[PDB]
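J.: I'm passing along start-v9.cif; it holds mmCIF, C-alpha atoms.
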```
data_upload
loop_
_atom_site.label_atom_id
_atom_site.label_comp_id
_atom_site.auth_asym_id
_atom_site.auth_seq_id
_atom_site.Cartn_x
_atom_site.Cartn_y
_atom_site.Cartn_z
CA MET M 1 71.89 -72.86 -92.34
CA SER M 2 69.11 -73.43 -89.77
CA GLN M 3 65.52 -72.43 -90.54
CA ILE M 4 65.47 -70.71 -87.12
CA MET M 5 68.32 -68.45 -88.21
CA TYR M 6 66.56 -67.77 -91.53
CA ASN M 7 63.33 -66.41 -89.92
CA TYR M 8 65.02 -64.80 -86.93
CA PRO M 9 64.17 -61.14 -87.68
CA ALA M 10 60.43 -61.76 -88.04
CA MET M 11 60.24 -64.26 -85.15
CA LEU M 12 61.94 -61.66 -82.96
CA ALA M 13 59.63 -58.89 -84.19
CA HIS M 14 56.74 -61.23 -83.44
CA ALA M 15 57.99 -61.87 -79.91
CA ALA M 16 58.12 -58.09 -79.50
CA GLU M 17 54.49 -57.89 -80.62
CA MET M 18 53.21 -60.62 -78.34
CA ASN M 19 54.93 -59.04 -75.33
CA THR M 20 53.31 -55.70 -76.25
CA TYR M 21 49.98 -57.46 -75.61
CA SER M 22 51.12 -58.65 -72.18
CA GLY M 23 51.66 -55.02 -71.24
CA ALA M 24 48.40 -53.79 -72.72
CA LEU M 25 46.41 -56.51 -70.92
CA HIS M 26 48.10 -55.67 -67.59
CA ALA M 27 47.53 -51.96 -68.01
CA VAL M 28 43.88 -52.14 -69.12
CA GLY M 29 43.17 -54.59 -66.29
CA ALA M 30 44.70 -52.28 -63.69
CA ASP M 31 42.64 -49.34 -64.98
CA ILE M 32 39.45 -51.33 -64.96
CA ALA M 33 40.26 -52.28 -61.35
CA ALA M 34 40.96 -48.68 -60.31
CA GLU M 35 37.80 -47.43 -62.02
CA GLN M 36 35.66 -50.20 -60.49
CA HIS M 37 36.96 -49.01 -57.09
CA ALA M 38 36.26 -45.36 -57.94
CA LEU M 39 32.65 -46.41 -58.74
CA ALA M 40 32.18 -48.60 -55.64
CA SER M 41 29.09 -46.79 -54.24
CA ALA M 42 27.31 -47.24 -57.60
CA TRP M 43 27.60 -51.03 -57.19
CA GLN M 44 24.66 -52.93 -55.65
CA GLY M 45 24.04 -56.61 -54.76
CA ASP M 46 22.56 -57.20 -58.23
CA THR M 47 24.30 -60.48 -59.10
CA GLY M 48 24.65 -60.99 -55.35
CA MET M 49 28.37 -60.29 -55.88
CA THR M 50 29.74 -57.47 -53.74
CA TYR M 51 32.12 -54.94 -55.23
CA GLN M 52 34.92 -56.16 -52.91
CA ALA M 53 34.41 -59.72 -54.13
CA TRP M 54 34.52 -58.57 -57.76
CA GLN M 55 37.67 -56.48 -57.30
CA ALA M 56 39.46 -59.53 -55.91
CA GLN M 57 38.15 -61.85 -58.61
CA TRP M 58 39.04 -59.32 -61.29
CA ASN M 59 42.67 -58.96 -60.16
CA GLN M 60 43.06 -62.74 -59.79
CA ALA M 61 41.61 -63.42 -63.26
CA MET M 62 43.76 -60.71 -64.84
CA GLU M 63 46.95 -61.96 -63.22
CA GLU M 64 46.02 -65.42 -64.59
CA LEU M 65 45.24 -64.10 -68.12
CA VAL M 66 48.61 -62.37 -68.40
CA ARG M 67 50.57 -65.39 -67.15
CA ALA M 68 48.69 -67.69 -69.56
CA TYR M 69 49.49 -65.25 -72.36
CA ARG M 70 53.12 -64.91 -71.21
CA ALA M 71 53.55 -68.71 -71.25
CA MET M 72 52.75 -68.66 -74.96
CA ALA M 73 55.08 -65.71 -75.53
CA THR M 74 57.92 -67.65 -73.83
CA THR M 75 57.22 -70.76 -75.91
CA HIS M 76 57.83 -68.55 -78.97
CA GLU M 77 61.00 -66.86 -77.64
CA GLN M 78 62.44 -70.31 -76.84
CA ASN M 79 62.54 -71.00 -80.61
CA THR M 80 63.78 -67.53 -81.59
CA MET M 81 66.84 -68.08 -79.33
CA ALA M 82 66.97 -71.88 -79.83
CA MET M 83 68.91 -71.04 -82.99
CA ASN S 7 28.62 -11.73 -68.38
CA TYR S 8 29.09 -11.86 -72.17
CA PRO S 9 32.32 -13.96 -72.14
CA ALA S 10 31.14 -16.60 -69.67
CA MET S 11 28.04 -17.00 -71.79
CA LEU S 12 29.86 -17.01 -75.13
CA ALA S 13 32.40 -19.49 -73.75
CA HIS S 14 29.50 -21.80 -72.81
CA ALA S 15 28.05 -21.40 -76.30
CA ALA S 16 31.38 -22.51 -77.86
CA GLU S 17 31.54 -25.35 -75.30
CA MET S 18 28.16 -26.62 -76.41
CA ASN S 19 29.01 -26.39 -80.12
CA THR S 20 31.85 -28.83 -79.47
CA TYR S 21 29.32 -31.42 -78.33
CA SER S 22 26.92 -30.83 -81.23
CA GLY S 23 29.77 -31.74 -83.59
CA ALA S 24 30.82 -34.60 -81.33
CA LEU S 25 27.32 -36.16 -81.07
CA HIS S 26 26.95 -36.11 -84.86
CA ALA S 27 30.41 -37.50 -85.72
CA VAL S 28 30.20 -40.52 -83.39
CA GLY S 29 26.57 -41.24 -84.36
CA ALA S 30 27.58 -41.31 -87.99
CA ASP S 31 30.55 -43.49 -87.04
CA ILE S 32 28.18 -45.84 -85.21
CA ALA S 33 25.80 -45.84 -88.14
CA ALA S 34 28.66 -46.85 -90.46
CA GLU S 35 29.97 -49.57 -88.10
CA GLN S 36 26.53 -51.14 -87.62
CA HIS S 37 26.19 -51.36 -91.41
CA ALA S 38 29.69 -52.88 -91.69
CA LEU S 39 28.58 -55.54 -89.17
CA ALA S 40 25.25 -56.27 -90.89
CA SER S 41 26.08 -59.97 -91.48
CA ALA S 42 26.59 -60.54 -87.72
CA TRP S 43 23.08 -59.21 -86.99
CA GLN S 44 20.00 -61.34 -86.24
CA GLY S 45 16.52 -60.55 -84.80
CA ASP S 46 17.50 -60.89 -81.11
CA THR S 47 14.79 -58.60 -79.71
CA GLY S 48 13.19 -59.19 -83.10
CA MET S 49 14.47 -55.97 -84.70
CA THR S 50 16.17 -56.26 -88.10
CA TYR S 51 19.43 -54.49 -88.89
CA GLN S 52 17.69 -52.34 -91.56
CA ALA S 53 15.02 -51.27 -89.04
CA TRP S 54 17.78 -50.36 -86.56
CA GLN S 55 19.82 -48.44 -89.15
CA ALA S 56 16.78 -46.33 -90.06
CA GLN S 57 15.72 -45.83 -86.44
CA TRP S 58 19.28 -45.00 -85.37
CA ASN S 59 19.77 -42.34 -88.06
CA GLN S 60 16.36 -40.77 -87.40
CA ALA S 61 17.01 -40.68 -83.64
CA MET S 62 20.51 -39.24 -84.14
CA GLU S 63 19.09 -36.34 -86.17
CA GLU S 64 16.50 -35.38 -83.53
CA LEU S 65 19.09 -35.66 -80.71
CA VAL S 66 21.61 -33.35 -82.36
CA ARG S 67 18.80 -30.96 -83.39
CA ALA S 68 17.50 -30.91 -79.78
CA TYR S 69 20.99 -30.06 -78.59
CA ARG S 70 21.70 -27.43 -81.28
CA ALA S 71 18.43 -25.79 -80.31
CA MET S 72 19.91 -25.28 -76.83
CA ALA S 73 23.21 -23.93 -78.19
CA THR S 74 21.45 -21.57 -80.60
CA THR S 75 18.88 -20.32 -78.09
CA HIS S 76 21.78 -19.77 -75.72
CA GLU S 77 23.74 -18.02 -78.52
CA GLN S 78 20.84 -15.87 -79.76
CA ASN S 79 19.98 -14.90 -76.16
CA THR S 80 23.52 -13.85 -75.15
CA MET S 81 23.87 -11.56 -78.19
CA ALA S 82 20.74 -9.80 -76.87
CA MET S 83 22.39 -9.39 -73.43
CA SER S 84 25.55 -7.61 -74.67
CA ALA S 85 23.45 -5.18 -76.78
CA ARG S 86 21.35 -4.34 -73.69
CA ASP V 5 38.25 -70.49 -86.95
CA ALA V 6 40.59 -67.47 -87.03
CA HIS V 7 37.40 -65.65 -88.15
CA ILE V 8 36.19 -65.88 -84.50
CA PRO V 9 38.79 -63.58 -82.89
CA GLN V 10 38.14 -61.07 -85.70
CA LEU V 11 34.40 -61.13 -85.00
CA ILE V 12 34.87 -60.82 -81.22
CA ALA V 13 37.27 -57.94 -81.81
CA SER V 14 34.96 -56.21 -84.31
CA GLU V 15 32.01 -56.48 -81.94
CA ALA V 16 33.92 -55.40 -78.83
CA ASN V 17 35.13 -52.31 -80.69
CA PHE V 18 31.55 -51.50 -81.69
CA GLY V 19 30.63 -52.01 -78.03
CA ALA V 20 33.24 -49.50 -76.97
CA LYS V 21 31.93 -46.82 -79.36
CA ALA V 22 28.41 -47.48 -78.12
CA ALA V 23 29.62 -46.79 -74.58
CA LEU V 24 31.52 -43.72 -75.82
CA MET V 25 28.34 -42.30 -77.36
CA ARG V 26 26.52 -42.71 -74.01
CA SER V 27 29.52 -40.89 -72.50
CA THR V 28 29.40 -38.07 -75.07
CA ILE V 29 25.66 -37.62 -74.50
CA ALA V 30 26.35 -37.36 -70.73
CA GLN V 31 29.16 -34.82 -71.15
CA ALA V 32 26.94 -32.80 -73.50
CA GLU V 33 24.23 -32.78 -70.82
CA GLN V 34 26.61 -31.43 -68.15
CA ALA V 35 27.64 -28.63 -70.50
CA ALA V 36 23.93 -27.91 -71.13
CA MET V 37 22.92 -27.82 -67.42
CA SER V 38 25.79 -25.42 -66.63
CA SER V 39 24.52 -22.94 -69.27
CA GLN V 40 20.81 -22.64 -68.34
CA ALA V 41 21.34 -20.31 -65.37
CA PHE V 42 21.98 -17.28 -67.60
CA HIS V 43 18.49 -17.03 -69.19
CA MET V 44 15.05 -15.89 -67.96
CA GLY V 45 11.38 -16.34 -68.97
CA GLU V 46 10.90 -16.83 -72.73
CA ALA V 47 14.53 -17.57 -73.62
CA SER V 48 14.71 -19.94 -70.64
CA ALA V 49 11.44 -21.76 -71.44
CA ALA V 50 12.76 -22.39 -74.96
CA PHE V 51 15.95 -23.78 -73.37
CA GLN V 52 14.11 -25.97 -70.85
CA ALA V 53 11.84 -27.26 -73.64
CA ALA V 54 14.90 -28.02 -75.77
CA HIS V 55 16.46 -29.69 -72.74
CA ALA V 56 13.46 -31.92 -71.89
CA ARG V 57 13.43 -33.00 -75.53
CA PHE V 58 17.15 -33.78 -75.51
CA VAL V 59 16.81 -35.81 -72.30
CA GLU V 60 13.93 -37.76 -73.94
CA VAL V 61 15.81 -38.59 -77.15
CA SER V 62 18.94 -39.70 -75.21
CA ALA V 63 16.70 -42.26 -73.53
CA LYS V 64 15.62 -43.56 -76.95
CA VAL V 65 19.21 -43.56 -78.26
CA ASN V 66 20.31 -45.41 -75.15
CA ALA V 67 17.47 -47.88 -75.71
CA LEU V 68 18.67 -48.25 -79.31
CA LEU V 69 22.31 -48.81 -78.30
CA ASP V 70 21.05 -51.48 -75.86
CA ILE V 71 19.71 -53.35 -78.89
CA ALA V 72 22.92 -52.89 -80.89
CA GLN V 73 24.96 -54.24 -77.97
CA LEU V 74 23.04 -57.52 -77.76
CA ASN V 75 23.26 -58.09 -81.54
CA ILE V 76 26.71 -56.84 -82.61
CA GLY V 77 28.32 -55.20 -79.57
CA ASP V 78 29.67 -55.74 -76.08
CA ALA V 79 27.23 -58.54 -75.20
CA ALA V 80 27.43 -60.22 -78.59
CA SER V 81 31.24 -60.36 -78.37
CA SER V 82 31.11 -61.75 -74.82
CA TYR V 83 28.76 -64.57 -75.92
CA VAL V 84 31.00 -65.49 -78.88
CA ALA V 85 34.06 -65.46 -76.59
CA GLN V 86 32.45 -67.56 -73.87
CA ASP V 87 30.78 -69.88 -76.44
CA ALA V 88 34.15 -70.37 -78.16
CA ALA V 89 35.68 -71.42 -74.81
CA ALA V 90 32.97 -73.97 -73.94
CA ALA V 91 33.23 -75.57 -77.39
CA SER V 92 37.06 -75.52 -77.28
CA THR V 93 37.50 -77.43 -73.99
CA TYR V 94 34.58 -79.83 -74.56
CA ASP R 5 21.06 -33.33 -59.71
CA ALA R 6 24.32 -32.74 -61.68
CA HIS R 7 25.43 -36.01 -60.04
CA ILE R 8 23.30 -37.94 -62.54
CA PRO R 9 25.11 -36.95 -65.75
CA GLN R 10 28.45 -37.36 -63.95
CA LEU R 11 27.39 -40.88 -62.88
CA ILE R 12 26.16 -41.73 -66.39
CA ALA R 13 29.42 -40.43 -67.90
CA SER R 14 31.63 -42.44 -65.49
CA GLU R 15 29.60 -45.62 -65.94
CA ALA R 16 29.88 -45.17 -69.71
CA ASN R 17 33.67 -44.69 -69.51
CA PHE R 18 34.12 -47.88 -67.47
CA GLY R 19 31.86 -49.57 -70.02
CA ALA R 20 34.10 -48.47 -72.90
CA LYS R 21 37.15 -49.84 -71.08
CA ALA R 22 35.49 -53.22 -70.41
CA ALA R 23 34.76 -53.42 -74.14
CA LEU R 24 38.33 -52.42 -75.12
CA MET R 25 39.65 -55.09 -72.77
CA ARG R 26 37.48 -57.65 -74.59
CA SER R 27 38.80 -56.38 -77.92
CA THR R 28 42.39 -56.60 -76.70
CA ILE R 29 42.06 -60.21 -75.59
CA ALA R 30 40.84 -61.08 -79.10
CA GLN R 31 43.71 -59.21 -80.77
CA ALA R 32 46.25 -60.85 -78.45
CA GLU R 33 44.71 -64.20 -79.38
CA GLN R 34 45.27 -63.38 -83.09
CA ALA R 35 48.92 -62.45 -82.49
CA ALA R 36 49.42 -65.71 -80.59
CA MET R 37 47.65 -67.63 -83.37
CA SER R 38 50.03 -66.24 -86.02
CA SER R 39 53.12 -67.16 -83.97
CA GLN R 40 52.23 -70.71 -85.09
CA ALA R 41 54.60 -70.51 -88.01
CA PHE R 42 56.99 -72.09 -85.44
CA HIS R 43 56.32 -74.98 -83.00
CA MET R 44 56.45 -78.80 -82.95
CA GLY R 45 56.18 -81.60 -80.34
CA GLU R 46 56.51 -80.74 -76.62
CA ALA R 47 56.85 -76.97 -77.24
CA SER R 48 53.68 -77.11 -79.35
CA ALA R 49 52.25 -79.24 -76.52
CA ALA R 50 53.35 -76.48 -74.13
CA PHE R 51 51.86 -73.93 -76.54
CA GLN R 52 48.56 -75.78 -76.99
CA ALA R 53 48.30 -76.24 -73.22
CA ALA R 54 49.04 -72.55 -72.67
CA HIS R 55 46.55 -71.57 -75.39
CA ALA R 56 43.73 -73.73 -73.99
CA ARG R 57 44.36 -72.07 -70.66
CA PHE R 58 44.34 -68.57 -72.13
CA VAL R 59 41.01 -69.29 -73.83
CA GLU R 60 39.68 -70.64 -70.50
CA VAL R 61 40.72 -67.55 -68.51
CA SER R 62 39.28 -65.19 -71.17
CA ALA R 63 35.85 -66.76 -70.73
CA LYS R 64 36.31 -66.00 -67.00
CA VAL R 65 37.31 -62.37 -67.67
CA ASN R 66 34.41 -61.85 -70.10
CA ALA R 67 32.06 -63.43 -67.55
CA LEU R 68 33.37 -60.98 -64.92
CA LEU R 69 32.98 -57.95 -67.23
CA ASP R 70 29.33 -58.98 -67.92
CA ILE R 71 28.79 -58.62 -64.18
CA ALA R 72 30.53 -55.21 -64.00
CA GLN R 73 28.65 -53.87 -67.09
CA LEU R 74 25.36 -54.67 -65.33
CA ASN R 75 26.50 -53.02 -62.06
CA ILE R 76 28.61 -49.96 -63.06
CA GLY R 77 29.21 -50.13 -66.84
CA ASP R 78 27.31 -49.88 -70.10
CA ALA R 79 24.02 -51.41 -68.95
CA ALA R 80 24.16 -49.57 -65.61
CA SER R 81 24.62 -46.18 -67.27
CA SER R 82 21.96 -46.97 -69.88
CA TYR R 83 19.50 -47.84 -67.09
CA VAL R 84 20.22 -44.62 -65.19
CA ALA R 85 19.89 -42.53 -68.38
CA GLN R 86 16.48 -44.01 -69.28
CA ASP R 87 15.37 -43.87 -65.63
CA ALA R 88 16.17 -40.13 -65.54
CA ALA R 89 14.10 -39.71 -68.73
CA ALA R 90 11.14 -41.54 -67.11
CA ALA R 91 11.48 -39.30 -64.05
#
```
Could I get this structure in the form of structure tokens?
T.:
Amino acid sequence: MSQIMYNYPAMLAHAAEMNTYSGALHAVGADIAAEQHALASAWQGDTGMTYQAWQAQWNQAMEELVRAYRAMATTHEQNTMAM
Amino acid sequence: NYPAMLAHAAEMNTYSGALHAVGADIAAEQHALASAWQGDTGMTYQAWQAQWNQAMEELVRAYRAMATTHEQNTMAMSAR
Amino acid sequence: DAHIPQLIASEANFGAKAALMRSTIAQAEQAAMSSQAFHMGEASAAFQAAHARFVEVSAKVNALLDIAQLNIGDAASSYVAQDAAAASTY
Amino acid sequence: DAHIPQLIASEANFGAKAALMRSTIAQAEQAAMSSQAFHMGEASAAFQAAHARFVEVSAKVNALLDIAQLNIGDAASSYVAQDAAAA
């Protein structure tokens, strides 16, 4: 029988849904980064953080958020195909 | 000319409707989130609801006054 | 527990609409400025008076959104998110 | 002059996006949470580890958006708007 075979359709659909969020997080992060660049001259040393420093920290943090999220996604898919 | 002016009138009327719709939407959402509200500044959610609505009426009415004055003025220009 | 992501989401979404109002007000202002030129004297003075009023009330509405944000909006959601992370690891 | 409304608008738009990002992280978190009709042992260990990390990085991303909102987002545009009213 397998319980993994029994729930396959929904586990697969759920993998599809998690991965959708990987894409949305990447995209929204890239936009935010482009728009922060477009607005550079509006940025002052308020925090003491320059706009260049923020851009870099933003991209780094986003790349890390997606990978952390994708690790979870993969952990799910491993079961779906463990079957 | 009459068209440029009347186009601008129609342009402004878009925003009158827009300002209202979103303000109402905000009003509704703030009510829906009443239980998450505390007196941070010190203002209660009821106080904010009332002040929000009141301030959304005067904002839209300020703006419609521009659109209307613009509209009523342009009609006088084409008849001239 | 699973109530926390729902709250954060609900508040962030409110925070977005708050920002979108500020954006709508700003786009309405641009459309207003670009339609003064046409008038003169009495019709203009009425427009300018209506404009100065609109610019005043936007300020108050912005001040009001600033309060919403801290209580149930962008800032609220951030605090819940960051507070959830500090409690989770500790 | 006309720069001001255009600045306010753009700072508002960035501010909306920052908030939608926040909302999306939360939603993603809920989708990940419901995938937990699944794991056990070292894959759950891998999942818990990956979750704890994802929470950790979110706090970072929210912390970074707080900074941007103050500089070019929702607070920034609010400040400019009220400042223009004062002047």
J.: What residues in chain S have any atom no more than 9 Å from chain V when counting all atoms listed in the file, and can you write them as a PyMOL selection string?
T.: chain S and resi 7+11+14-15+17-18+20-22+24-25+28-29+31-32+35-36+39-40+42-47+49+51+54+57-58+61-62+64-73+75-76+78-80
J.: Give me the residues within 12 Å of residue R:74 as a list in words, counting only C-alpha atoms and dropping any in the same chain fewer than 4 places off.
T.: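 Everything that qualifies: residues 42, 43, 44, 45, 46, 47, 48 and 49 of chain M; 70, 78 and 79 of chain V; 15, 16, 18, 19, 22, 67, 68, 69, 70, 78, 79, 80, 81, 82, 83 and 84 of chain R.
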J.: Using Å and a single decimal, report how far atom CA of residue S:82 sits from atom CA of residue V:45.
T.: 13.9 Å
J.: When you draw a straight line from atom CA of residue R:86 to atom CA of residue M:36, how long is it in Å?
T.: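 Atom CA of residue R:86 sits 22.0 Å away from atom CA of residue M:36.
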J.: To verify the selection step, state as a ChimeraX atom specification which residues the PyMOL selection byres ((chain R and resi 38-43) around 10) yields on this input.
T.: /M:3-4,7,10-11,14-15,17-18,72-73,75-76,78-80 /V:6 /R:33-37,44-52
J.: Given the selection you just returned, output its residues as a file containing C-alpha atoms, formatted as a CSV table (one decimal), keeping the file's coordinate frame.
T.:
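What ended up in again36.csv:
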```csv
chain,number,residue,atom,x,y,z
M,3,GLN,CA,65.5,-72.4,-90.5
M,4,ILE,CA,65.5,-70.7,-87.1
M,7,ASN,CA,63.3,-66.4,-89.9
M,10,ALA,CA,60.4,-61.8,-88.0
M,11,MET,CA,60.2,-64.3,-85.2
M,14,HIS,CA,56.7,-61.2,-83.4
M,15,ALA,CA,58.0,-61.9,-79.9
M,17,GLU,CA,54.5,-57.9,-80.6
M,18,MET,CA,53.2,-60.6,-78.3
M,72,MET,CA,52.8,-68.7,-75.0
M,73,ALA,CA,55.1,-65.7,-75.5
M,75,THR,CA,57.2,-70.8,-75.9
M,76,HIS,CA,57.8,-68.6,-79.0
M,78,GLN,CA,62.4,-70.3,-76.8
M,79,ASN,CA,62.5,-71.0,-80.6
M,80,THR,CA,63.8,-67.5,-81.6
V,6,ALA,CA,40.6,-67.5,-87.0
R,33,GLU,CA,44.7,-64.2,-79.4
R,34,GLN,CA,45.3,-63.4,-83.1
R,35,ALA,CA,48.9,-62.4,-82.5
R,36,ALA,CA,49.4,-65.7,-80.6
R,37,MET,CA,47.6,-67.6,-83.4
R,44,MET,CA,56.4,-78.8,-83.0
R,45,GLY,CA,56.2,-81.6,-80.3
R,46,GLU,CA,56.5,-80.7,-76.6
R,47,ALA,CA,56.8,-77.0,-77.2
R,48,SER,CA,53.7,-77.1,-79.4
R,49,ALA,CA,52.2,-79.2,-76.5
R,50,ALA,CA,53.4,-76.5,-74.1
R,51,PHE,CA,51.9,-73.9,-76.5
R,52,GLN,CA,48.6,-75.8,-77.0
```
J.: Rounded to one decimal place, report the atom CA of residue S:52-atom CA of residue V:87 distance in Å.
T.: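 Pair atom CA of residue S:52 / atom CA of residue V:87 returns 26.6 Å.
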J.: Just want the 8 Å neighbourhood of residue R:26, counted on only C-alpha atoms, with same-chain residues fewer than 4 positions away dropped. Output as number ranges by chain.
T.: V: 12-13, 16, 81-82; R: 22, 30, 66
J.: Using all atoms listed in the file, what does the table of chain R residues within 6 Å of chain M look like, with each row giving the shortest atom pair and its distance in Å to one decimal, sorted by chain and ascending number, as a tab-separated table?
T.:
```
residue	atom	partner	partner_atom	distance
R:32	CA	M:21	CA	5.8
R:51	CA	M:72	CA	5.6
R:54	CA	M:68	CA	5.8
R:58	CA	M:68	CA	5.1
R:61	CA	M:65	CA	5.7
R:75	CA	M:43	CA	5.4
```
